[PDB]
Structure formats: C-alpha cells, structure tokens
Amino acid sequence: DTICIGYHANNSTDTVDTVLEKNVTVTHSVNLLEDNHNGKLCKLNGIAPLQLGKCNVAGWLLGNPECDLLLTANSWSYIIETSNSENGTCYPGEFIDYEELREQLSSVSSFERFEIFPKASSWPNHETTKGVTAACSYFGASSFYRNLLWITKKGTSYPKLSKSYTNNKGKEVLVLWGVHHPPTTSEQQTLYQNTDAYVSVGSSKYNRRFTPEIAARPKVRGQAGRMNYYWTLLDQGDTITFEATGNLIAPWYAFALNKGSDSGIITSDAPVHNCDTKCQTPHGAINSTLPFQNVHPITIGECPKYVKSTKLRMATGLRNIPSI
C-alpha cells in the first residue's frame, strides 16, 4: 500500500523562456503577442473608412477630374490612399499646409459638399469659361478641378472682383482656393491684364494678401505656370471675403464638414471589406485583446503596443515531463 503526490503532464510541445533557461516545454501556455491580421481594411468603430484609390487627398478635395467617384464622400473614420494614389494637383504648384489639412480631415462625422460661389452666377464682368488646362485632362479633353474655378480676363478687361461667403451652415466650412503664378510678366497680363494684380482673403481669422510671383521655371506635367492651393476652416457665423484684380483661382465648391476627433491616413492596397475593428493597420485589422503586437508600428485606434519581438508566450501550466 502506497500513495504518491505528483504533477500533471501531457503531449504539449509549447515552449516558453525563463530568465534561467531557454525553451522550456510546458503543459499549457498563453500567447500575449498579436502577430496575425485579417489582411483587410475594416471599419474603425462602426464607421467605414474613405477610399481614394487612384486619387490622393489633394486630388480628392481640389476636385481633380480623375476623382469623380469621390464627389459623394460621406462620414468616414479614416482615409485610405493606395500605391496608385497619384491623381492630385494635376496642375503644378504647392498645396500650402497640405500635411496639416490631411491630418485635420482624417476623421469627419458630417461632411456635405455645397456650391459656395456658383460658377454661372457669380464673377460677372469676368471670364469663367476658358479656365481649363491640358494638365487636368478629362477624357482627352482639357479640363480643370471641379471645386475651384479659373477666373480669367473678360475680353481685354479684368476689373476688380469682390465676393464674400458667410457660413450659415451651422458647422465648419472648408474653403479651398488657389493663386496662379505665371512664369512671365507677359502672361500675367494676357490672362489677368493688371500686371500688379493681387488677391486677398479676409475673415475674422485670416488676412493674408497675395500677389502673383512671376518667375521663369521648369515645365511640370505640362505648364511652366504654378498654382498654390490654400485652405481655411471658416467658423460658424464668420464671413470670408475674396477680392482680387487677378490671379485668383476662386472657390466654386466648398465643404460643410463636421469633424469631432482625429485619426489618420492608412496607405495600403489591402481590400476594404465590411468588417469592424478597434485597431486597424496597413496590412489588415489587429485584435485588441492582447497587450502587444508586431504586425506593424503604424496603427490607428486602441491598439496593442507595438514591439520588435516575435515570441511572447507566457506559461500557465507547468513543466511538461511525461513518459510513462
């Protein structure tokens, strides 16, 4: 008659590491390292993302001709650019504070695209039908952005224009515009007459006054000319005022957005599916259950802390020493 007190053992081959010994086979372990995704761009917390495909942020907002599908854009929790996101500012120039606008518009709740300055209506005494370029070609034909309007000279006279919009949308309004910069001081006149032209944007929170910066420079994707794009968020009840003797690429359409917080811009060619997630990465969504992850340093949401490790297995059972 005998009795022995002993311990469990099984066919487990899970191994963990301890400060004293590497690879110790244990009966039962638990993984604390999220290292697999669903290779899909999911919805981040109920709301789906915004796909841009061939277009990029600047192209989407400016109204590039190749971004016709993005004209419905509504809601979204984060933006998605792809390795093909190349249709942007078809007409060369610099998009002032672009990165900044990109970040500020990552997550929007409400976002309506309205016509702030109607083409056929506003801009009297000014040419509004020749404002097209081969740089922004729509189906072979020369076109231009769809939210901006290229106002030129009326016959042989470009008089001072001065129109103003006042935000009664009950929410911020993104007002985008541009200032054109001819290469020559000869073109400055053939287009806006007044050689000493200027443009000025007023608001109870904006006052910069531009002038055209003519200068010889390399032709880009077509023109030697240049167009700087500007934006600003017009507060409720505030009134923005535009006036210019030339060189103004006036706002045509603006957006009555409604952002709450801020997320970011994922850039991947992973398929967008109707799944959900608290944590989204460029390769796919992650599971926010474990405390660590090695799927990708760049994530959006409530994510596991990114670590360089490949194995963080925690022992739960005991040393596995079978053999009966």
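From 1 onward, residues are counted along the sequence shown.
As the entry records it, the average C-alpha temperature factor is higher for 153 to 161, out of 76 to 84 and 153 to 161.
When 171 to 179 is weighed against 198 to 206, 198 to 206 comes out higher, by mean CA B-factor as recorded in the entry. Residues shown: 131, 93, 237, 118. Highest C-alpha temperature factor in the entry: 131.
Take 261, 299, 27, 267 and read off each C-alpha B-factor from the entry; 261 has the highest.
Remark: residue 251 belongs to the lowest third of its chain, ranked by C-alpha B-factor as recorded. Compared with the other modelled residues of the chain, the Cα B-factor recorded for residue 321 ranks in the middle third. In the PDB entry, a CA B factor belonging to the middle third of its chain's modelled residues is recorded for residue 220. In the deposited entry, the Cα temperature factor of residue 61 sits in the bottom third of values across the chain's modelled residues. When the modelled residues of the chain are ordered by C-alpha B-factor, residue 139 sits in the highest third.
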